[PDB]
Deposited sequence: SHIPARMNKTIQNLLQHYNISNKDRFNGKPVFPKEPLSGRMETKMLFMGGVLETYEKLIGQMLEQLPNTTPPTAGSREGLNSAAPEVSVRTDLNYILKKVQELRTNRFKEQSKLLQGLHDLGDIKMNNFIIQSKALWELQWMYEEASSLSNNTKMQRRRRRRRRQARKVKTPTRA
């Protein structure tokens, strides 16, 4: 309930018009098995950590801050206590997005790893 009261306050500061609200992309995709929903929401809490950290950074000089640190703490607590497995997987998934596509050595290393990787992928299906 401090949560919800702190959020309404922040909304006073992070005020946008309806024209901006509805025009453009919706921020999130739609919530999609239980393990599937947990992981997605682990994605979501992680996003909020990231998001609120930029908000703090964008505050002047560097109560609003007091408010932001509260929701940051709360989001962090939930992720740390109840989303540990999901977070280890999400990191794996982010790590794949960092591989250097243009690098010749990596291309050739990946190429060599393809055989095992395609064996494994194939067998996971006809199980």
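Trainee: Do you know which deposited regions have no coordinates at all?
Mentor: Residues missing from the model, as numbered along the full deposited sequence, span 1-4, 37-39, 70-87, 153-175.
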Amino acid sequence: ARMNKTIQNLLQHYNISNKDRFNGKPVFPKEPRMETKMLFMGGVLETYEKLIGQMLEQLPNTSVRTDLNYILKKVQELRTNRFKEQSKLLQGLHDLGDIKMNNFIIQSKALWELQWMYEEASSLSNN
From here on, numbers count along this sequence of modelled residues.
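Trainee: Which has the higher mean CA temperature factor in the PDB entry, 17-25 or 102-110?
Mentor: Comparing 102-110 with 17-25, the higher mean C-alpha B-factor belongs to 17-25.
Trainee: Which is higher on mean Cα B factor in this entry, 48-56 or 78-86?
Mentor: Averaged over C-alpha atoms, the B-factors run higher in 78-86.
Trainee: Just say lowest, middle or highest third for the CA B-factor of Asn61 relative to the other modelled residues in its chain.
Mentor: Highest third, going by the recorded CA B-factors of the chain.
Trainee: Would you check the entry's CA temperature factor for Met41 and let me know if it's in the chain's lowest, middle or highest third?
Mentor: For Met41, the deposited C-alpha B-factor lands in the middle third.
Trainee: Can you tell me which third, lowest, middle or highest, the CA B-factor of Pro32 falls into for its chain?
Mentor: For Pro32, whose C-alpha B-factor we compare with every modelled residue in the chain, the answer is the highest third.
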